[PDB]
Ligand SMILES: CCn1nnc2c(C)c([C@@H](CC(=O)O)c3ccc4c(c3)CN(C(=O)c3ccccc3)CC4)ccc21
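The form solved without this ligand is given below as one chain in structure tokens.
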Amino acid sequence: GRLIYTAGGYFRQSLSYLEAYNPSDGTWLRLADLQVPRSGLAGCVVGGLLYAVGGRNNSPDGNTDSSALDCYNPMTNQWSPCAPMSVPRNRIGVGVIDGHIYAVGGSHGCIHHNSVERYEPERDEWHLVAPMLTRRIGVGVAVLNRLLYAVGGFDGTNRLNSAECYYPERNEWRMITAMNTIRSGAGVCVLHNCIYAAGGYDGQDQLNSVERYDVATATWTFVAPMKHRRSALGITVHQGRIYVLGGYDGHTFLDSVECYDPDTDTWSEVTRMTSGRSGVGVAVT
């Protein structure tokens, strides 16, 4: 009975919400708020614990980029602070390999990071690894074949269709085949041995198009588009299906949750979040 957790987000200002959706019965739980309101963060799970990584506190009286790492225990309904990252990372990408959290790119004020760091929960320590070949904020991250893929984003000048792959054993990055579409703030996940990149911003419009990377052919192929165009959407995989949560369509902050069935190549609206928001962190446990 795993749940889809959504942490933080943005609607007029950064949000503290921690909510959990049950795809089986369609119910939503209201869990303990984040200690600091954050948008542009990422979520991940290690050993049944939910982690909220980086982001930014956007408030009417001023803004603060976050280097924070916070851990939520579903059994206790409590958030606990962890060691912070070396730098603040807003619009961060995150992936997990062997119980270690990789924090990828993101921004700190005018700085667009190419730097990458890894967290060890057993030691509560962060350590820098090899930086990416490109500076990437609003970057999508996917773990596939024990490699860490960094997809699209924004380098400070241009939104990107480029993508690269990290080899943990060799501690190095290599560029892979570029996507068909330029995407910053896309939802990036892994489903049935393929990397999916859904929505995002091409530098002009928020996108509803969805493409998938097949490792064997090293090609990106378009699949069925989402019903709603969205950037800064949350994404996850639950029981062989992709779930996209909220986002921004250029005018509205979406409460829509769409579900992709790979067997039928179709998207359907499954639920609505309690309120519209973009820039959430999402994970399943």
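Rigid core (definition): largest C-alpha set, two forms, superposition within 1.5 Å. From 1 onward, residues are counted along the sequence shown.
Stretch comparison, 23 to 31 versus 226 to 234: after rigid core superposition, larger RMS CA deviation in 6 other deposited structures of this protein is found for 23 to 31.
Looking at 114 to 122 and 211 to 219 together, the entry lists the larger mean B-factor for 211 to 219, computed on C-alpha atoms. Highest C-alpha temperature factor among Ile101, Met75, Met85, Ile92, as the PDB entry reports it: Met75. Sort the modelled residues of the chain by CA B factor and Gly152 lands in the middle third. In the deposited entry, the Cα temperature factor of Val284 places it in the middle third of its chain's modelled residues. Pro60: CA B factor in the middle third of modelled residues in this chain (values from the PDB entry).
In the deposited entry, the Cα temperature factor of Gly199 sits in the middle third of values across the chain's modelled residues. The PDB entry assigns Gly276 a C-alpha temperature factor belonging to the middle third of its chain's modelled residues.
Although it is not shown, the form deposited with this ligand bound is what the next lines describe.
Placed here by superposing the C-alphas around the site, this ligand (as posed in the deposited bound form) stays clear of every backbone and C-beta atom by more than 2.4 Å: open pocket. The closest non-hydrogen atom of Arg159 lies within 4.5 Å of this ligand in the deposited bound form. In the deposited bound form, at least one heavy atom of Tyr248 sits within 4.5 Å of a heavy atom of this ligand. In the deposited bound form, none of the heavy atoms of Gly95 sits within 4.5 Å of a heavy atom of this ligand. In the deposited bound form, at least one heavy atom of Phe253 sits within 4.5 Å of a heavy atom of this ligand. Not one of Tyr102, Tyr119 and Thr285 comes within 4.5 Å of this ligand in the deposited bound form, counting any heavy atom. Heavy atoms within 4.5 Å of this ligand in the deposited bound form are found in one stretch of 201 to 209, 77 to 85, 188 to 196, 121 to 129, which is 201 to 209.
Contact with this ligand in the deposited bound form, judged by any heavy atom within 4.5 Å, is made by just one of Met226, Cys44, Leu34, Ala232: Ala232. Of all the residues from 268 to 285, those having a non-hydrogen atom no more than 4.5 Å from this ligand in the deposited bound form are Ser278, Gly279.
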